[PDB]
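Below you will find one chain, with nothing else, as structure tokens; this is the form deposited in one PDB entry, and questions on how it binds or moves follow later.
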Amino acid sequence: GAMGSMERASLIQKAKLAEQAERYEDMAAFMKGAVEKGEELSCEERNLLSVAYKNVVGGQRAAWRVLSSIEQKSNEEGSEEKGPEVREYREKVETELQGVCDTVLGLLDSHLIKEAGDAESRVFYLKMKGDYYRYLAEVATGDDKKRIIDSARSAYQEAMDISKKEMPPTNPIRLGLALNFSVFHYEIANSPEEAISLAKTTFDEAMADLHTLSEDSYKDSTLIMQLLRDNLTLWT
């Protein structure tokens, strides 16, 4: 909307500047503007989009967890009543978080995903779709909790199916997708065995393909493999 008058190239340039300045809200707005120009995004541009919103929602999630913990403590036995302020402020942060998720999901639905034909782009966007439904799921408590969870699962599953067909087992997008879908199983779907199985199988299949990679590709793949191992260690 407000970025309608700025050149696409200028928005991209400014997103990169905002990243350098750790101005992630600005970075997200610039990339939102870029997406709304209607052209497909390059790999670098998709990274700017994801980095920006990851940082924004990351901060909101951290704040929501702080406030939720305080709220939970206030509802324990022996806690002397403090009024509606804790709930109200947790709700405020929660609503802002949901707004950011809805914004990202909106961009994916209008029209990033439908125009993404290459495996690398389509999987990247579907992973994002899974991730932002997962963030919605983390705060969901009502009649829509189950549908939100299934929306996350559905997006992750479509991404997994394409990634298995079209990309090598060491592909960083394939690896990152599996990492996050594994976390979905553990943290959202109450399926810790599925989480562990997915992380293990992904790790082992990547290990067997490392021999094919250059030094630079090896670096990115092994970094994510270490995250899979970290989670497995956390869970076993």
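Sequential numbering from 1, following the sequence displayed. Here, rigid core means the biggest group of C-alpha atoms that superpose within 1.5 Å across both forms.
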Is it the case that, in at least a third of the other entries compared (those modelling both flanking residues), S79 has no coordinates? yes
Mean C-alpha B-factor comparison - 109 to 117 and 76 to 84, higher one: 76 to 84
Ranked by mean Cα B-factor in the entry, 67 to 75 and 152 to 160, top stretch is 67 to 75
Take the CA temperature factors straight from the PDB entry and tell me which of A9, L228, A18, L213 peaks. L213
CA B-factor placement of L97, once the chain's modelled residues are sorted into thirds: middle
Which third, lowest, middle or highest, does the CA B-factor of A178 fall in along this chain? lowest
Against its chain's modelled residues, does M128's Cα B factor rank lowest, middle or highest third? lowest
Among the chain's modelled residues, which third holds the C-alpha B-factor of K14? lowest
Using the B-factors in the PDB entry, rank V51's C-alpha atom against the chain and give the third, lowest, middle or highest. lowest
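Beyond the structure shown, there is the form deposited in another entry, which is absent from this document and is the topic of what follows.
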Rigid-core frame, C-alpha of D220, shift of 2 angstroms or more between the shown form and the other one: yes
